[PDB]
């Protein structure tokens, strides 16, 4: 279980919007937190979250320290917690926060750092990660109190030693936000840009709300011996609608499910060796031990066997088979890998070539040829890492995965038509980004689920973004539609209601001379051309009739 404390600066600056139709840094902060809470609930993650504000007027922390208010201690996300945080969103919610824990107050980070470090201890479980995410638009908190500023740097330095990590979600402030004035010696380790929009803040939060989780770790053997360890990560993973659970109607308590197979006639409970495996084909039964059903899948031992390098050109976009994985070096197992790996990534990029490997996930599983496509790192304007460095593990289909298709005749459009369509395509241009759409169904489900867990009057019918903005598209298209139809749809269209070839080839391939004389006659008969009684004759004729 990973723990995450959300630390929010409640100074007076945090409630002043930077003169735009943008939200106040406090508002941004709160909302990105409700987000991480809801994110965790969606992926049914078991992580622990906390909410802590400092610089407030009232206080609430284990040792009555001043100006520090612990709204929520480390615990799992719940409907009520989100509702609570939500009460501080928007301008009206700002007042609610102000009233309850009046902002603009004296404080010292050490005391604050301690309380958070303390919320962890209090935990009664085991924690894989301990992080503190600080939301503040104040870059030099104790520049006037050269003592607090010192206790804070120390106190921070101590947390790192305890394994607690702090990330800075610095927010906008008039003039900018100089990280080098203080937080420089406080954050754990270029850095992220300051967040002025809720859009970039969430992106920055999402990029740190979780910690690397490998799908596995394998031996990427360059050959029998030369081997490097890599971590296989699944950056894309269809989010499923979690299934319902069974409960003891009276206590609404979880119910484990045991499964016991047994022989019906002897009422005896069956053990794995009291049953064999069967399959039938017609009037033929085939029996194998369970061990054998698995035995027949075994090929390579787990890992990625190198097969060679192939120019990226040969890999085709429409040759998709299943989501791709991400390959990064795993220096922990085999030391030196990050180096070999790095060299490869550098050379594959230079040569525009991917490394072809015979991939085998776990034990007893048929191999699959994959392409390790070189992937260069990319950061955007906010310094957020858009594309990591390493290799994209791409599955290639076997012959059986391809389904060929018959075709009718090709009926190509005219340059005037392509023209009108081009115009239409541009009016409907837009920037695609992978985080563009939310899953209609998941939203609906959990939105309702929330309303219910909150005994709310009714649920919040989400807005399907996946749906096409028709009225808009229409308006933006203007007459182009009607002008396009004219170019392609007849006015009465129901929109919603021995052939020359052969013989020429035989000649090119020199198989005409292999023709029997009867075949030669019929051929000359068909072109009613002047023949003969001899073969060479018919041969000379037919060839001349075409080529000469």
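In this text, the rigid core denotes the largest set of C-alpha atoms whose superposition between the two forms falls within 1.5 Å. Residue numbers count along the first chain shown, from 1.
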Note: with structures superposed on the core, the stretch whose C-alphas sit farther off in 4 other deposited structures of this protein, 369 to 377 or 456 to 464, is 456 to 464
Which stretch is less alike in 4 other deposited structures of this protein, 212 to 220 or 278 to 286, counting RMS CA distance after the rigid core is superposed?
278 to 286
Tell me whether residue 261 is absent from the model in at least one third of the other entries compared, counting only those where the residues either side are present.
no
Unmodelled in at least a third of other entries of this protein, residue 125:
yes
None, 1 to 3, 4 to 9, or 10 or more: how many residues of the deposited sequence lack coordinates between residue 189 and residue 190?
4 to 9
Got a sec? Mean C-alpha B-factor, which is higher, 94 to 102 or 358 to 366?
94 to 102
Averaging CA B factors per stretch from the PDB record, which one is higher: 3 to 11 or 537 to 545?
537 to 545
Which of these, 218, 117, 424, 123, has its C-alpha atom at the highest B-factor, as the entry lists it?
123
Highest Cα B-factor in the PDB entry belongs to which of 273, 339, 431, 237?
273
What third of the chain, by the recorded C-alpha B-factor, contains residue 437?
lowest
Entry-reported C-alpha B-factor of residue 484 relative to its chain, by third, is lowest
Residue 28: which third of its chain by C-alpha temperature factor?
lowest
Temperature factor at the Cα of residue 144, chain-ranked in thirds, falls in the highest
Could you tell me which third, lowest, middle or highest, the C-alpha B-factor of residue 269 occupies within its chain?
highest
